[PDB]
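*Asks:* My sequence and its experimental structure, below.
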Amino acid sequence: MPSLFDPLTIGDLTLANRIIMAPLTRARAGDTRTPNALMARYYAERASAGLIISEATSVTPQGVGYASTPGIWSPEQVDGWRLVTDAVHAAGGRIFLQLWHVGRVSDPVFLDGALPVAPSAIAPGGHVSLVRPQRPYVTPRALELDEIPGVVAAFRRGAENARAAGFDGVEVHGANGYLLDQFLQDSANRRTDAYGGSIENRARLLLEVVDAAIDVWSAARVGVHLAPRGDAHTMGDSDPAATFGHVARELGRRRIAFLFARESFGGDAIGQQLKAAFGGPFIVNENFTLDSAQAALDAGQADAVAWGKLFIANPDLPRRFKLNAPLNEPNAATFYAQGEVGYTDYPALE
Ligand SMILES: Cc1cc2nc3c(=O)[nH]c(=O)nc-3n(C[C@H](O)[C@H](O)[C@H](O)COP(=O)(O)O)c2cc1C
């Protein structure tokens, strides 16, 4: 059984430990959506993580859903990300870019008046995050069949640009009710063409995006993110075990780097089903403590564990865990705010 502090190999890349930094949207890319020196220092100071998965990064204007979140479609953005990857590598870290398209989880304010796009014209519940004044999600536009290759081409170029920006790899964002998860689950995808109906058809787009990434990076440098509970952004599927199991089997057959599952452990968790179906490195996440995470590794339930909120507040989390030192508390007020306050001013032990 492995310790959290033992090395792990994902594909052909060795990680110094099994304490992973979860992808965290922080909205510090500013009006130009370009990564910058501040993000560089933020990531660099978390480089003692075995692996950093970057904040979700939009592969095209159409896949933007929040203010000041970065993209990976422009040459200006590539140069920005180069600052981040250079700084992370100088500090000894590894970093994967999370490739993102928000799909229906967006608003015309971010799309120059265009409707958000989706598998089917069905809006998610609640109100658009962060944007004031609060408003419901507008009903999205259902992608026409002949638009879907364009989405995949946007992901492919995203994966090309990540490679040009000097990342160690890319993670495909198939979770949290965003575009590929919308296609995946039958509450949001009600299509009757080849991208809807059956589990195979619903998983089709995700697998095409994964294959485009594999064409750019090879499978060894591609990860995928999933969230089986469907508990964010009005997700839900009639048979999660069947839907996600199929996806897990198909990704495992492609021998990708890892499968990252956001799913707190508990009575209804299907993570172990997904792990057996996948067969490769399995990263668990959500409400984990040091000890429950070590317990997961000891029981063969994960190969690595990711933390989000704790890495926000604790740049030196691995060493804090090592020493059983008190942890900083994260301040929700500055999760999405501008500038270095609540971003790079959380102190390391030193
Ligand atoms: C402020 C914030 C931003 C997040 N941004 C992303 C994101 O960009 N992409 C993603 O896949 N998950 C994102 N997440 C979810 C985290 O990656 C993680 O799965 C979740 O916080 C649960 O892990 P934790 O309990 O260790 O914090 C975000 C979470 C928070 C709190």
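*Replies:* All right, it came through fine. Numbering: from 1, shown residues only.
*Asks:* Tell me which stretches of the stretch 251-350 of the chain form helices.
*Replies:* 271-278, 290-298, 309-313, 317-323 (DSSP state H, counting those that start in this stretch).
*Asks:* Tell me which of these sits nearest to the ligand.
*Replies:* The ligand sits nearest to helix 309-313 of all the helices of the stretch 251-350 of the chain, at 3.6 Å, using C-beta to the nearest ligand atom. (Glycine included, C-beta is placed from N, CA and C.)
*Asks:* Reformat the helices of the stretch 251-350 of the chain into CSV and put distance to residue 107 and mean neighbour count next to each item.
*Replies:* Compiled in CSV, these are given as follows (distance: least, C-beta to C-beta, whole Å; neighbours: other C-beta atoms under 10 Å):
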stretch, distance to residue 107, mean neighbour count
helix 271-278, 32, 20
helix 290-298, 36, 17
helix 309-313, 25, 20
helix 317-323, 34, 18
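*Asks:* is it possible to export those helices to CSV including distance to residue 241?
*Replies:* Formatted as CSV, the helices of the stretch 251-350 of the chain follow (distance: least, C-beta to C-beta, whole Å):
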stretch, distance to residue 241
helix 271-278, 6
helix 290-298, 20
helix 309-313, 28
helix 317-323, 32
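*Asks:* How about the residues of the stretch 101-250 of the chain by the ligand?
*Replies:* Residues of the stretch 101-250 of the chain found near the ligand (C-beta under 6 Å from any ligand atom) are 173, 175, 176, 225.
*Asks:* hang on, the earlier thing: could you dump the helices of the stretch 251-350 of the chain to TSV with distance to the ligand?
*Replies:* TSV is the format used below for the helices of the stretch 251-350 of the chain (distance: least, C-beta to the nearest ligand atom, whole Å):
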stretch	distance to the ligand
helix 271-278	13
helix 290-298	10
helix 309-313	4
helix 317-323	10
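*Asks:* out of those helices, which comes closest to residue 338?
*Replies:* Closest of the helices of the stretch 251-350 of the chain to residue 338 is helix 309-313, at 15.6 Å (criterion: C-beta to C-beta).
*Asks:* Let me see the residues that make contact with that closest one.
*Replies:* 21-22, 24, 26, 46, 49, 317, 327-331, 335, 346 (C-beta atoms under 8 Å, 6 or more residues apart in numbering).
*Asks:* residues of stretch 136-152 that come out buried?
*Replies:* Of all the residues in stretch 136-152, those buried under the rule 16 or more other C-beta atoms under 10 Å are 137, 140, 142, 143, 148, 151, 152.
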